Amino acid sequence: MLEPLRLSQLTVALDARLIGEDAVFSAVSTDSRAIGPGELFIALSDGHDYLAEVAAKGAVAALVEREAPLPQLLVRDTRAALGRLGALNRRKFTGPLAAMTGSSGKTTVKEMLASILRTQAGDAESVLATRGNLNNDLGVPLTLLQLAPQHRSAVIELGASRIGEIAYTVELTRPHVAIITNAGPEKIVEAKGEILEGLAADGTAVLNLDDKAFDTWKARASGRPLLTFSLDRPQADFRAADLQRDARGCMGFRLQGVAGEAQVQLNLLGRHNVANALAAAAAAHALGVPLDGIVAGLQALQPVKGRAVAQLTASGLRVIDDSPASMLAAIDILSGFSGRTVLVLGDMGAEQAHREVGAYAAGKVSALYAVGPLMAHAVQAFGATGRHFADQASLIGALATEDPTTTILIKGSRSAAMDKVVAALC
């Protein structure tokens, strides 16, 4: 929060009645197993059972929708009341603020953006970005309350499980720079351009010229300044040429367009993350970050440990540490590789989905090695070139045999502990 607040100051702004003594809080929690002194509890639904627990823990008060051991600020809707507090704390932040939305890539663009800002600051503390996936109707006001006096910029992820959700949250957020990565199918497009509602008349939009929804959006932006990204089109404001994988596989390209020309080597996989990068770069440009604040910040971004970390062993093996729907994503990642490829899975801890996976793999990867009970079914499904295994050891023995140009991908649940196998080769 930017300053602490005081129950009696809010009955007006929140359309609400104070019950019991006044108080001041500096932070809010919607979760009784994670609250402390100087804090407000928001009873959602059932939070209302746990009023002794939060009191005992030192919350100064509770925000309730129905009416006890601490002061109550009573409202009609506590999801709505939270939304208000967010907007309200957002309106005391006077620094630059970007937000983003799309079907996929919004978190990566968030990370790339934060990285660019933080590098440029350079100071990680000073740029506030959505922790995790708190990007929905509770997530975004909670993230907005994180805003505080040490922050000088902010990056906000906006997801939607429906129509209106983003128009609700984007009102709360009211960003200087909006981003749409990509998009029934017409509901999805309508939903994502709801973000253009929260922009000011001169606020910049950032839009994927390749998307089929490009026009709907261009319309909905209504003359606002507009920055575009493409991996195809020479007219776009932000472009990439000479895409070429490095030896670990991560995507290189020459950035181009209005910000200047430069080489960027990312530490991530897939053509799609080049689009993501162009969008983070467009948004950074908009916030007047110079060409190398951008490049430095993109090149400084490591992936999260255990999620698609591509590395290269001293033996010339290419190895992707990724340790269930994702199994299929992973399979497709691997399927984009040119040599022999090899999928390596421990259990996901009905038995059917392991057969489903096995068959799905077949045709897209040279081989599938696996470990644990359930995975016997997958190896079978996948057919001839599959090898099932009795323990990690015989597996790792088999794997130490593979020639370079071969790409290997490991996956499995945390209780399957396949990190044990990444270590064994790295």
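Note that residue numbering begins at 1 and tracks the sequence as displayed.
Where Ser323 is followed by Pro324 in the displayed chain, the model omits 4 to 9 of the deposited residues that sit between the two. The segment from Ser45 to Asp46 is interrupted, since 4 to 9 residues of the deposited sequence in that interval carry no coordinates. Looking at mean Cα B-factors across 125-133 and 351-359, the upper value is held by 351-359.
Checked against the record, the higher mean CA B factor of 373-381 and 37-45 lies with 373-381. Of all the options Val304, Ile116, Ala213, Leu287, the entry's greatest CA B-factor is assigned to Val304. When the C-alpha B-factors of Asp237, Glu190, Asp246, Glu111 are read from the PDB record, the largest value belongs to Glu190. Compared with the other modelled residues of the chain, the Cα B-factor recorded for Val365 ranks in the lowest third.
Among the modelled residues of its chain, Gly184 has a C-alpha B-factor that falls in the highest third, as given in the PDB entry.
Among the modelled residues of its chain, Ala52 has a C-alpha B-factor that falls in the middle third, as given in the PDB entry. When the CA B factors of the chain's modelled residues are split into thirds, the value for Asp292 lands in the highest one.
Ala27: CA B factor lies in the lowest third for its chain, per the PDB record.
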